[PDB]
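In the block that follows, a single chain appears as structure tokens, in the form deposited in one PDB entry.
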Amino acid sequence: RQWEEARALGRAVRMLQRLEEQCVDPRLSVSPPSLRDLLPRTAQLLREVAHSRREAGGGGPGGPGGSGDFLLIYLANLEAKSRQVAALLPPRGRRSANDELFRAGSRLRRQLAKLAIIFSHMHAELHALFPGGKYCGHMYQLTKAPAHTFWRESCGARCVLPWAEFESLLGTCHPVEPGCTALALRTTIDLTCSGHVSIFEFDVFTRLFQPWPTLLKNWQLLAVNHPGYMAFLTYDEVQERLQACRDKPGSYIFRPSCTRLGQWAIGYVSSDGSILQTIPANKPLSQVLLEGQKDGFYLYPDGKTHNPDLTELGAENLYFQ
């Protein structure tokens, strides 16, 4: 067994090249995430992976959760996702279509941004686990130590896990309420919508919802139950959303940055009525919103009046840091 993976990688690369052709419409995109930057970016990185592994004693061990297993799943998913984009914006292209695909607020536009985000996340994961094509998943270090401790004691050297096993493991540390809560969490953690959670995906989430002792609490209070939290939005979408709230200076919404993974992008309307977006480093989100509230910048989630009191959570988070 030497050539299956190579064929897989080649199949993917060709498909990315073919999909790049279908993204012929000018209105794409071009602000990050842009499928048009991402596709050839991801293609070349795949070539490097292909090439780095012709000549490989590596990387790492090769049971489930190793590099070979990771790629099997990763490529399968990339292909799946590519088909969805194929179906959305055919054909070669042909003319200039579809007009709805680029109306702010439209459904297709959202379907497209969500796919564009998935591609950004798919590339980010590969770049993190195979920098320059060279696998480091057996050595990768999570940013928050307690997260790191967890991942290595639970998962060992593995870089990737099926959702079910991951949930079970996370559960024995922070209990995950079954049903709609467990589903919401899965949707938040599984950035690639692959059915598996990578050491990278986990790095993103544990950074976003630090500190560790309140991991799920933060996710629950600041994402699931906060009206200012906007799951999986692009920058341009934020700009579009807040257009209505330009009346109410102090209106704000937040989401994960797409280009600085692990970090938040707060979007607020200024005094002037200008829509500004800022990425804070590197505080918990509870600290970020409290200070922005206390300074008059972050007052009205989604342009609405009910701003959850986070006083206790913020205090709790400083205590645990």
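Position 1 is the first residue in the sequence shown; the rest follow in order.
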Compare the mean C-alpha B-factor of 291 to 299 with that of 44 to 52 as given in the PDB entry, and name the stretch with the higher value.
291 to 299
Quick check: 92 to 100 versus 193 to 201, which has the larger average CA B-factor in the record?
92 to 100
According to the deposited entry, which of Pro32, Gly267, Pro256, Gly68 has the largest Cα B-factor?
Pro32
Return the residue from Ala244, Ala80, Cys155, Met230 that has the highest Cα B-factor in the entry.
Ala244
Rank-wise, by C-alpha B-factor, drop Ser106 into the lowest, middle or highest third of its chain.
highest
Place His226 in the lowest, middle or highest third of its chain's C-alpha B-factors, as listed in the PDB entry.
middle
Ranking every modelled residue in this chain by its Cα temperature factor as given in the entry, which third contains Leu115?
lowest
For the chain shown, is the CA B-factor of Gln263 in the lowest, middle or highest third of its modelled residues?
lowest
Is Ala87 in the lowest, middle or highest third of its chain when residues are ranked by C-alpha B-factor?
highest
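One more form of this protein exists, namely the form solved in complex with a small molecule; it is left out here, but the text below deals with it.
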Does the small molecule come within 4.5 Å of any heavy atom of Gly60 in the entry with it bound?
yes
Taking the small molecule as it sits in the entry with it bound, is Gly65 near enough to touch it, meaning that at least one heavy atom pair lies within 4.5 angstroms?
yes
Taking the small molecule as it sits in the entry with it bound, is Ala104 in contact with it (heavy atom to heavy atom, 4.5 Å or less)?
no
Contact flag, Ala157 vs the small molecule in the entry with it bound, heavy atom cut 4.5 Å
yes
State the residue from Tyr135, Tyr229, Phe150, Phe205 whose non-hydrogen atoms include one within 4.5 Å of the small molecule in the entry with it bound.
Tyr135
If contact means any heavy atom within 4.5 Å, which of 42 to 50, 65 to 73, 289 to 297, 256 to 264 contacts the small molecule in the entry with it bound?
65 to 73
